[PDB]
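Next comes just one chain, in structure tokens: the form deposited in one PDB entry.
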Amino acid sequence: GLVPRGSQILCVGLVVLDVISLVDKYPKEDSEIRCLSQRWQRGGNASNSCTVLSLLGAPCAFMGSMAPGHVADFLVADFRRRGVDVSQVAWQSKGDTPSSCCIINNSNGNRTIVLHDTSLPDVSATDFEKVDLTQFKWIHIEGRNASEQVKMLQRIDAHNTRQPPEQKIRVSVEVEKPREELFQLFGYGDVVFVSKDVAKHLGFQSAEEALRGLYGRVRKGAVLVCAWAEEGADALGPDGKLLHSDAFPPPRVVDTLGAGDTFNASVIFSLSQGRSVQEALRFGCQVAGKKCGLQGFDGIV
């Protein structure tokens, strides 16, 4: 169908089928057991943010790798359940669609996780070349395979070079895995999200340390953003003023899975509506705080 030009927010990243089982006790090897309950869930960073953008009322699209098959089928139907545009998926001829198994030990809250295999090629710069960008007002990249994503980021840069300033496509970038390859991505994006977990691995002990210690790495004009769960969130832009919002914790914490993807999408959404950085931090924190008191994404409204 027809997508009006410059109307969609695109997220590029992982999607994965998560199978989650609740058990009485951790299973002894070679044993056969019944779980208390079991869920199949669409997972992944870029994937979660798409769900949030849709619920927020943004037209949105996902770009990631899948292989034809039943896993893909379940994931595509869930994507569509959430009003996500999947027309830019990069279908592969090799590899598994990512899927993962999690066992939550009911009597201690321990999570044991068999992560997906590593057989499916990530999205390539050549896959990205084939995409017509005019559809997109904002493009967001979950850092994964950096060297290739750098080329995608240069391609978008190139595109914007030729556009009026009101046909420019905004870009955001997430570095959430403490992996050296990823650190080059700081150089790209109007907006750069760094995770608490990454900040801590570089040895910063607070959002303020992280932002002040990393800002030197961002491109001129960029805003660097870092959320620290219960401690709220900071951003830092070209004017050197450290901004902050306190968390908006919920009555009780139910489910924090994907809370960070909820923050990222809300910040992106707010800014894409022309709100200020300060306004976006706050909204980001409000939405993510709500999410933490809910099971899944139903009701973050």
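Think of the rigid core as the biggest set of C-alphas that the two forms share within 1.5 Å after superposition. All residue numbers are counted from 1 along the displayed sequence.
The next section is about a form of this same protein that is not shown, the form deposited in another entry.
Hey, after the core superposition between this form and the one not shown, which of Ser124, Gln163, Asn110, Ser206 has the C-alpha moving 2 angstroms or more?
By this measure, the answer is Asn110.
Honestly, after the rigid core fit, is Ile20 moving at least 2 Å at Cα between this form and the one not shown?
Yes.
Core-aligned, does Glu32 move its Cα 2 Å or more between this form and the one not shown?
Yes, shifts by 2 Å or more.
Would you say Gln135 moves between this form and the one not shown, meaning its CA shifts by 2 Å or more once the core is fitted?
No, shifts by less than 2 Å.
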